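Engineer: From the sequence below, what's the structure:
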Amino acid sequence: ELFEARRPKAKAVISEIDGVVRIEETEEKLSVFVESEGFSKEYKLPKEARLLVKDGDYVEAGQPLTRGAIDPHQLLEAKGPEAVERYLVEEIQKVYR
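Structural biologist: Residues are numbered from 1 along each chain as shown. For reference, the structure is listed below:
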């Protein structure tokens, strides 16, 4: 899955830009706002999904919000080549180790 650069089947959502996390939990919804100084994008997730972020936390661009495998391509647009190289080499080594 790593050597072929495939979007994982159960994949985590990563933040596109910087901001601070503001949680919203409805009975039927679990939207998450990452709020920057200019404007902000909203990510709607399944209700039972696991989160890595406490509320009101500062998240860099390309930081996993969800638990799951990162899509290497989403990461390439957000963080640039060196960040993807870091992710691939370590994630491969995880299995072999």
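
Engineer: Any idea what the residue nearest to the spatial centre of the chain is bridged to?
Structural biologist: Among the residues of the chain, residue 14 comes closest to the average C-alpha position under Cα atoms, centre = their mean, at 1.9 Å. Each beta-bridge partner of residue 14 is listed here, defined by DSSP bridges: residue 64.

Engineer: isn't it right up against residue 78?
Structural biologist: Yes - between residue 14 and residue 78 there is a contact at 6.2 Å, judged by Cβ atoms under 8 Å. Where you see a C-beta, it was placed from the backbone N, CA and C, and this is true even at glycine.

Engineer: tell me, what's touching these two both at once?
Structural biologist: Common contacts of residue 14 and residue 78 (Cβ atoms under 8 Å, 6 or more residues apart in numbering): residue 62.

Engineer: For the residue nearest to the centre of the chain, list the residues it contacts.
Structural biologist: Each residue near residue 14 by Cβ under 8 Å, 6+ apart is listed here: 62, 63, 64, 65, 70, 71, 74, 75, 78.

Engineer: okay, now the first one: neighbour count?
Structural biologist: Other residues near residue 62 come to 21 when the count uses other Cβ atoms under 10 Å.

Engineer: How much space separates it from residue 5?
Structural biologist: 16 Å (Cβ to Cβ, to the nearest Å).

Engineer: Any buried residues in stretch 64-77, and which?
Structural biologist: The neighbour-count check on stretch 64-77 (16 or more other Cβ atoms under 10 Å) flags 64, 65, 66, 68, 69, 70, 71, 72, 74, 75, 76 as buried.

Engineer: out of those residues, which one sits closest to residue 96?
Structural biologist: residue 69 (16.4 Å; Cβ to Cβ).
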